[PDB]
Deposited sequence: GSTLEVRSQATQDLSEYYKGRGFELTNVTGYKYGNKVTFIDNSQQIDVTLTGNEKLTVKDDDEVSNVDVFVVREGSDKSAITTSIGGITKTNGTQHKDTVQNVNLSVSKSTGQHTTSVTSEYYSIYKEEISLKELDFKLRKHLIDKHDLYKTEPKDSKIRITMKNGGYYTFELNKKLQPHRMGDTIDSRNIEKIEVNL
């Protein structure tokens, strides 16, 4: 089967390294929050839709950061993915969500385990697409109108269109994982 350079670039991006900083402190200047992890500087661009506790100063503490390097380079540029750190200390799942994957004539069901109380669409999108690449042949073929839909316990839903990266402006969007009803993917 056919796969374009566009599909190959989606695959290279979502098979790349995404990592977490847990309960860290960073410093805001303008629309960037800078974190130091080991000796590495990480500058995270804010989107303006973050769900952060209101502060007086430039200190952003008690946050988790899901980091995905864009580009190559000394400083690591990442977009969004800052969330409140977990109140709990148990390290086990906070929610176990029904995940269905439809293909073309068949449906596969499994549970998808979420470890964070408040989680970015950035991290959900990244980890789910990586899981779909590893186990469900995502990007072996042209994705076309393939979508992930995250439905919330109040009936609202979010859509990730799999034929393009998640739009940068949405990467700060944050949800309470206890409110996720189900995840449905049509491939």
Stretches with no C-alpha position, numbering per deposited sequence from 1
1-4, 77-78, 111-115
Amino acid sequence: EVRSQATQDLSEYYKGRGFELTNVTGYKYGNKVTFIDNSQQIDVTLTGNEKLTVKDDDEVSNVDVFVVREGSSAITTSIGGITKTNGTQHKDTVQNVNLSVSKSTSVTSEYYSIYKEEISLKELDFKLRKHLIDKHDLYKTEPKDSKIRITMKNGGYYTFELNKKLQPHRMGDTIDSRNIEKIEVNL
From here on, numbers count along this sequence of modelled residues.
Quick check on the record: does 49-57 or 129-137 carry the larger mean Cα temperature factor?
49-57
Mean CA B-factor: is it higher for 25-33 or for 114-122?
25-33
Max C-alpha B-factor within the set 98, 95, 102, 73 falls on 73
Could you say whether, by C-alpha temperature factor, residue 159 belongs to the lowest, middle or highest third of its chain?
lowest
Chain-relative CA temperature factor third for residue 1:
highest
Ranked against its chain, the third holding the CA B-factor of residue 150:
lowest
Entry-reported C-alpha B-factor of residue 17 relative to its chain, by third, is highest
